[PDB]
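The next block holds one structure in the form of structure tokens; read it before the comments.
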Amino acid sequence: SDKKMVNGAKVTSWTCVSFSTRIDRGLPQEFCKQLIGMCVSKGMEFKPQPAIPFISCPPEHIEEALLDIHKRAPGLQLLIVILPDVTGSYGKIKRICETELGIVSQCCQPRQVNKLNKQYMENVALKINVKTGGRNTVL
């Protein structure tokens, strides 16, 4: 528990996309609700409402969904991405977000999201802080 945020970024524009078919339809909301609480307890500030409603769509709609989210939310500071159930799409997703559309994303495996492990969300929260412009350290 020695990893801390020196400076917690402030996120005003964020939302969540899920390419997972397997998970309960309430998990994206629940998972993001706790993750943000974990980001916030560690020093970040988050607007509690996403900038556009959460989206759930099939893995074959990756190109479409990402570009849709990007055009409807040009100011997005963060996209929380729930990855497809089968691995192999992560490179495509990062490429589209990071290189092609210019969107800061955090990708999360649906099987791990399902666990709602609080140490996993601690790890993700610190990853999100740096991606969003914050600073982390180890005490």
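A note on labels: chains of the structure tokens are A, B, ... as shown, every chain counts residues from 1, and ligands are counted from 1 in their shown order.
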
Near-residue 86 (chain A) list (10 Å; only C-alpha atoms; drop same-chain fewer than 5 positions) as JSON, numbers by chain = {"A": [19, 20, 21, 59, 109, 110]}

message = Need the shell around region 39-41 of chain A: protein/DNA/RNA residues with any atom at most 9 Å away, counting only C-alpha atoms. Skip same-chain ones fewer than 4 positions apart. Format as a count of residues only?
response = 12

Region 66-76 of chain A: which residues within 10 Å, counting only C-alpha atoms, same-chain residues fewer than 4 positions away excluded, as a tab-separated table (two decimals) with C-alpha atoms, in the first residue's frame?
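Output (selection-v5.tsv):
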chain	number	residue	atom	x	y	z
A	11	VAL	CA	-11.38	13.90	-14.73
A	12	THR	CA	-14.51	15.69	-15.98
A	13	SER	CA	-15.13	13.80	-19.24
A	14	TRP	CA	-15.17	9.99	-19.11
A	15	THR	CA	-17.33	7.01	-20.06
A	16	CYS	CA	-17.31	3.24	-20.35
A	17	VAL	CA	-17.52	0.80	-23.24
A	50	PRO	CA	-20.11	9.97	-17.53
A	51	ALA	CA	-20.00	12.46	-20.42
A	52	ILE	CA	-22.19	10.14	-22.53
A	53	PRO	CA	-24.18	7.05	-21.45
A	54	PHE	CA	-22.31	3.73	-21.13
A	55	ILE	CA	-22.26	1.62	-24.27
A	61	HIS	CA	-18.47	-3.38	-33.53
A	62	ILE	CA	-15.08	-2.18	-32.15
A	81	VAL	CA	-12.81	-0.10	-21.93
A	93	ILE	CA	-8.28	-1.24	-29.45
A	96	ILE	CA	-7.55	2.90	-32.50
A	97	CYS	CA	-7.71	4.85	-29.26
A	100	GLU	CA	-6.02	6.81	-34.53
A	101	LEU	CA	-8.69	8.75	-32.62
A	102	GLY	CA	-6.62	10.31	-29.85
A	103	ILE	CA	-8.40	8.97	-26.81
A	104	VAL	CA	-6.87	8.14	-23.47
A	105	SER	CA	-8.10	4.66	-22.64

task = Pick out each residue of chain A that DSSP on the backbone tags as alpha helix (DSSP H); I need them as a PyMOL selection string.
result = chain A and resi 27-42+62-72+90-94+110-115+118-131
